[PDB]
Ligand SMILES: [Cu+2]
Ligand SMILES: [Cu+2]
């Protein structure tokens, strides 16, 4: 959890929309089973992609305002932003290999 940015509804604009470069945002909640499975994978990816990608999390129970702005209707949802704009998204459980495939297809 040492390389994961903690987001809130209040900080989302500064931390995500005003960040330079690429940021992967995980929308999650404690009641979401697949969210728990992907959490350690996100730590691995935050290290492996350090320098090319920042990884962030937003808990939708505690910060319920942001997900509706992206039409998010299921979790986990991963949003990949580049320079403040969504480039690609993924909904649902995925393996480490699927996550790396998603990132490699969207990051140089
Ligand atoms: Cu960590
Ligand atoms: Cu918090």
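From the set of residues in region 1-19 that are in contact with a helix residue (DSSP H, G or I) (Cβ under 7 Å, 6 or more places away or on another chain) and in a strand (DSSP E or B), which is farthest from ligand 1 (Cβ to nearest atom)?
Taking the candidates together, the pick is 5.
Would you check if residue 22 is under 15 Å from residue 5 (Cβ atoms) and within 16 Å of ligand 1 (Cβ to nearest atom)?
In short, no.
Collect the residues in region 12-67 that are surrounded by 12 or more Cβ atoms within 10 Å (Cβ to Cβ) and in contact (Cβ under 8 Å) with a residue 60 or more places away in the chain, keeping them in residue-number order.
16, 17, 19, 21, 22, 24, 38
For region 7-16, check the following and say yes or no: at least one residue is closer than 18 Å to residue 75 by Cα and either more than 16 Å from ligand 2 (Cβ to nearest atom) or touching a strand residue (DSSP E or B) at 6+ places or on another chain (Cβ under 6 Å) (or both).
yes
Readers should treat all values here as calculations from the given coordinates under stated rules, not as data from a laboratory. In this analysis, Cβ positions are derived from the backbone assuming ideal geometry, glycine residues included, and neighbour counts consider all displayed protein chains.
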